[PDB]
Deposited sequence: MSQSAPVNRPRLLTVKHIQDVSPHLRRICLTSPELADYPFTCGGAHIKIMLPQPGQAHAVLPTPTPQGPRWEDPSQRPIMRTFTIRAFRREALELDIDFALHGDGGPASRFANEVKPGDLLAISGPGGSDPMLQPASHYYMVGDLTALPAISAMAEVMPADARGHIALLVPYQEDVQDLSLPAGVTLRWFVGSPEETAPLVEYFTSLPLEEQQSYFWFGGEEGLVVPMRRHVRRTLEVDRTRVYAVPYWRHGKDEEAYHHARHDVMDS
C-alpha cells in the first residue's frame, strides 16, 4: 500500500517567516512515498494521545501542501500559515511529535499569472523552484503583515508584488491584477488561498478572456 497513511516524526522546526513555520518530518516509511502536491494531515481528536489510523475515533483532517520532499534524506517539509486544530498543532509543535499524513493528491506555459495569500505561498514557492527559467508573467501575494514579506527567487521575467492587508481588503491587489494585460494563449492561471481572491480572479478570467478548463487553477484554500 504505497498511498497509505503514515505516522511521521518532527525532525526540526523553522520559522522562515514570522507567520510561516516549516516543519520537517521524517520516517523510514517515506522511502516508498509516491512538484507541489497537497496532502491531508491527520490530527488527534480532543482527548486522544495520537491520531487513530485505519470509526468514531477517526482523526481530524486538514489539507496542506507538500513544500519539499527529499527521499534520500527521508524528509518531508510542510509550511504552516500561522493564525483551529491545525493552528494549535503548528503553535505547540515540538521536535519528536507525531503527525499522520495521507498520500498526495505546475503546467508548462509561456505566461504564469498567480495570486495567493500565506496559505498559498508554499504552493507558489514549490512551483517557483521548477518554473521554466524563461517564464513570463505576474505573481500577486496578499499577506496579513508587512513582516511576512519574504524572498522568493523567480525567473527573470516574472513580476512579484506584495500586498499587505487583512483577508477582507481584497481590493488593491484585485484591482491591480484586473488592470494588468494577460495572455490567453500559452499561459497558466493559478489562484489559491482565501475565499475572496480565488473567485474574483476566476470570474475575471472567464469574463475578459477565453482560456480553457485545463489552464485555470482556481482553488479556494479556505473561507474567512
| Stretches with no C-alpha position, numbering per deposited sequence from 1 | 1 to 5, 40 to 42, 63 to 73, 103 to 105, 128 to 132, 252 to 268
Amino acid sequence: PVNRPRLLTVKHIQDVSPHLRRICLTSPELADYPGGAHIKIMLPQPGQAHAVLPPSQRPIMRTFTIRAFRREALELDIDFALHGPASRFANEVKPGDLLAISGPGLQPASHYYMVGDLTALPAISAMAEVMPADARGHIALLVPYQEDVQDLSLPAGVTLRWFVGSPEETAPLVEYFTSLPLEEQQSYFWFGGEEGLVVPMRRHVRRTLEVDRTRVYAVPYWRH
From here on, numbers count along this sequence of modelled residues.
| query | Given the B-factors recorded for C-alpha atoms, which segment has the greater mean, 11 to 19 or 204 to 212? | reply | 204 to 212
| remark: Quick note on 96 to 104 and 137 to 145: per-entry mean CA temperature factor is higher in 137 to 145
| message | Per the entry's Cα B factor values, which of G193, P55, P155, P34 stands out as the maximum? | response | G193
| task | From the list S179, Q48, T63, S27, select the residue with the highest C-alpha B factor recorded in the entry. | result | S179
| request: Quick one: classify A68 as lowest, middle or highest third of the chain based on its Cα B-factor. | output: lowest
| query | Lowest, middle or highest third of the chain for the C-alpha temperature factor of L160? | reply | middle
| note | Of the three thirds of the chain ranked by Cα temperature factor, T119 occupies the middle
| Which third of the chain does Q150 land in by C-alpha B-factor: lowest, middle or highest? | highest
